[PDB]
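First the structure, in the form of structure tokens, and then the observations on it.
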Ligand SMILES: [Mg+2]
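Chains as they are written, first to last, in PDB author numbering: chain 1m, 1 to 122; chain 1o, 50 to 125; chain 1J, 9 to 155; chain 1G, 2 to 99; chain 1N, 32 to 179; chain 1X, 36 to 251; chain 1I, 5 to 134.
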């Protein structure tokens, strides 16, 4: 699960009862199968007594920062959406390294055009 | 033979120990072979009136029994 | 630590005879492990013990050839057969009987087994009943008092 | 703007892929005497990269997945050495040949 | 008895009438007489002694492989159906009437609710699976019955 | 002295249901098939005092789902050695209760092929009445037996014992302890631990279970 | 049945208890958990139990330990202390942490006299002796 992140910052209040998702993401991100997959990736835990709500703020390899609602969305939904954005970033990078422009644009009128079946030819 | 143990202690400076009479040994040694009861009796009793060690033996033998009854049925 | 644990392999070596070829040959060569430094560290601690004693050594192999081992006491089967009599287990244990030990040998064997490096906190009733369960498994009889 | 993506990996000694006209025509070399030409349908384009990887990129999920399976069906992986076209995340389980 | 294949050593008469077997029930219900589990019939018909022997052999061979050692013969089997009606038969290339034909085998008349087999000294699952194996050798529809 | 002694089993309070019935106006296979098609089991409640002249009988019908549930949950023999409350009303959902009485199921008829209930029989057993009750046996302690430990097999000769029982203290089952039986011995009907007010109908020198040696 | 097991396991441990804590046991193995339990069982007068959070939730109802309710989420190893000497109770975890180098397993939440001190707040109270 930890291939695509560079820094993660977890912040929450310890005496406020909505920390279940954020400590579950702590469990997800501090596993033995996680830290061996990216030794260079950094984790940042911060605790405070005041009422700043619990947040997960991540960054990726290509300078993109994403904040998530750790108060109302679960850690597993966070884990799914980080990979949903990560594979898009990887596809963008893989296209960009080979000399193709990103994003690739397709005319949005061929959805109405009829298409026959694709039969392979000699 | 029957008064000393052989090959028990392995410290080179010392020797194998001896057999002390029943003066230095505490109480729980001779309780080792009492009839700790089986699942035929503990199942029909009241769990709420059971003591701690007996209910621990009850749940442990229940877990062993359910594991055995899974493994003997589901095996092909 | 942070190293990717490969395997945990155990062995029994007599005390003082850590010559790295008859038991320390293919057993440690199957996992690319070294034979010199482990034998030096092994012979640097069994100098205060009686030799020709089957000491138990568990060694945690690694991918960087690092040895992180603890030394175990010799096996409770050895302790309960050599303090009893003939070292031959029964053909049908639980029904066919070889030797008999009453209350005392098992208790002091439990006292010795407490010296295991991760048995600092197990109670003597636990160790004694574990050894009783081992005693049931080769066919030896246990009584209240042999006379 | 494309949303739906699929990737294919080609394994083989001398097995090759090449896009021809703006990502609308796909050409393949699968060890035959001739080549294999497939016309990518509308709403889908194709791209080729430097790891023997073919990308099916498009806006209609049905056509993208159908065309990716179409390219796969030209040569499935063999069970003895895994040679052929396969999916990137797909695991091919081999067996020993007597 | 006669070892495996069960038929009487001798009879009063060599040839019997055909009779009817498609009807008949136990008018009082049925209960197990010796065992804890059993196989009973749901329909009425005929069973041959070879089929009964094949079913008994299937049950004893299933117990043989499930339970070994001193519990290998802890399973007990009772065969409560017995084949004592001879059936006859004329060979090929023979005309219709010159008497009655030679006997060829033995059958048993089975009613609706008759207990064919009884089992004891085994597990419930072993008894159910042995009944499942034995019912594939009989032409009639059978049910597993349990003591209660 | 008409109460269960301590150390004895008692009827369970889980299966202490009440049986609901409605009157039935005729006997015969016609009305029996009509009631079974409608989803009821024919039944009769009768008493002991006048065996001739009927016996103050009342013809009723009970609910098939309830009776099948009771027989499946208890067992066939256990249902027949336990008392029940019977409540006979004029209609289902009516409050005109005709007769509430404490009765014994004397017999139940099950189909030999489909095992659906065909007939239930109830006999009035108020306190002070004597019955012939067939009590099932329960065999315990088969893990403690030295004979069974040595590999011998168990020969259950009898499963139920017939007794003469006053209504108040009819045992649901008899617990038989097998802890102290080794190879060769048997238990007879005189070794059953019952109430002293129960009389054994069968002679006491009748074997019940024998532990026989295994094939060496 | 396990509900009654842990109900008894907390009913025995609440007979002499004066403060309660819960430790995040992420990354601790069985042997290190046993070593923590041993250190805190011989060298102190404390006991360790890993239990269902909702079951401790229900089993502490009607008691003066009813304020704890926010601090029962995630991975919780509940430590119940039957004694009063909190300096020797809380310095053992300092020795354990500095010896075996475990920063991922800390003290989240404690209850003393109807109050939930912050993990920073029950740091000075271990300095005061008796
Ligand atoms: Mg009539």
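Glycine included, C-beta positions come from ideal geometry on N, C-alpha and C.
- Within the same chain, and ignoring the five residues on either side of residue 93 (chain 1X) in sequence, the residues whose Cβ sits closer than 6 Å to its Cβ are 80.
- For the options 177 (chain 1N), 172 (chain 1N), 178 (chain 1N) and 179 (chain 1N), the alpha carbon positioned closest to that of residue 74 (chain 1N) is the one of 172 (chain 1N).
- From the beta-carbon of residue 57 (chain 1o), the residues of chain 1J found nearer than 9 Å are 87, 90, 91, 113, 116, 117 and 120.
- Close to residue 5 (chain 1I), with beta-carbon spacing below 9 Å, are these residues of chain 1o in chain order: 96, 104, 107, 108 and 111.
- In this structure, DSSP gives residue 81 (chain 1m) a helical state, which the three-state scheme calls helix.
- Rounded to whole angstroms, residue 91 (chain 1I) and residue 17 (chain 1m) show a C-alpha spacing of 28 Å.
- As DSSP reads the structure, residue 76 (chain 1I) sits in no beta bridge.
- The beta-bridge partner set that DSSP reports for residue 82 (chain 1I) consists of 26 (chain 1I) and 53 (chain 1I).
- In chain order, 150 and 152 make up the part of chain 1J whose C-beta sits under 7 Å from the C-beta of residue 82 (chain 1o).
- A direct Cα-Cα distance of roughly 12 Å separates residue 178 (chain 1N) from residue 193 (chain 1X).
- Residue 46 (chain 1I) belongs to the set of residues whose beta carbon lies under 9 Å from a beta carbon in chain 1J.
- Across the set 95 (chain 1m), 55 (chain 1m), 50 (chain 1m) and 113 (chain 1m), the C-alpha of 55 (chain 1m) shows the shortest separation from the C-alpha of residue 8 (chain 1m).
- Relative to ligand 1, the beta carbon of residue 136 (chain 1N) is positioned no closer than 8 Å to any heavy atom.
- From the beta-carbon of residue 175 (chain 1X), the residues of chain 1o found nearer than 8 Å are 89.
- Within the region 124-137 of chain 1J, the residues whose Cβ lies closer than 7 Å to some Cβ of chain 1I are 126, 128 and 129, listed in chain order.
- Among the bridge pairs identified by DSSP, residue 69 (chain 1I) is matched with none.
- For residue 178 (chain 1X), the chain 1o residues whose C-beta falls within less than 7 Å of its own C-beta are 87 and 89, listed in chain order.
- DSSP, reduced to helix, strand and coil, places residue 108 (chain 1m) outside both helices and strands of the structure shown, so it counts as coil.
- Using a Cβ-Cβ distance cut-off of 8 Å, the region 116-126 of chain 1X and the region 166-180 of chain 1X are in contact, since at least three pairs of beta carbons, one from each stretch, lie closer than that value.
- Following the DSSP letters along the chain, one finds residue 116 (chain 1J) inside the alpha helix (DSSP H) bounded by residues 112-121.
- When Cβ-Cβ separations below 9 Å define contact, residue 52 (chain 1I) makes no contact with chain 1o.
- Distances taken from the Cβ of residue 67 (chain 1X) to the heavy atoms of ligand 1 include none shorter than 8 Å.
- In chain order, 12 make up the part of chain 1I whose C-beta sits under 7 Å from the C-beta of residue 101 (chain 1o).
- Assignment of beta strand (DSSP E) within the region 69-138 of chain 1X, counting only whole runs of 3 or more residues, yields 75-81, 93-98 and 119-124 in chain order.
- Residues 59, 76, 77 and 96 of the same chain have their beta carbon placed closer than 8 Å to that of residue 70 (chain 1X), with the five preceding and five following residues left out of the count.
- Comparing alpha-carbon positions, the option among 77 (chain 1N), 174 (chain 1N), 32 (chain 1N) and 170 (chain 1N) lying closest to residue 163 (chain 1N) turns out to be 174 (chain 1N).
- Take the alpha-carbon of residue 37 (chain 1G) and the one of residue 74 (chain 1J): they are about 55 Å apart.
- At a cut-off of 9 Å, the C-beta of residue 55 (chain 1G) has no neighbouring C-beta in chain 1m.
- Under DSSP, the beta-bridge partners assigned to residue 56 (chain 1m) are 10 (chain 1m) and 68 (chain 1m).
- Annotation for residue 154 (chain 1X): the continuous beta strand (DSSP E) segment containing it runs 152-159.
- Annotation: residue 150 (chain 1X) to residue 160 (chain 1X) spans about 27 Å, alpha carbon to alpha carbon.
- At a Cβ-Cβ threshold of 9 Å, residue 90 (chain 1N) and residue 114 (chain 1N) do not count as neighbours.
- DSSP places residue 101 (chain 1o) in the uninterrupted alpha helix (DSSP H) bounded by 101-122.
- When DSSP states are grouped into helix, strand and coil, residue 96 (chain 1I) belongs to the helix group.
- In the three-state reduction of the DSSP assignment, residue 117 (chain 1m) falls in the coil class.
- Fewer than three pairs of CB atoms, one per stretch, sit closer than 8 Å, so the region 14-29 of chain 1G makes no contact with the region 140-154 of chain 1J.
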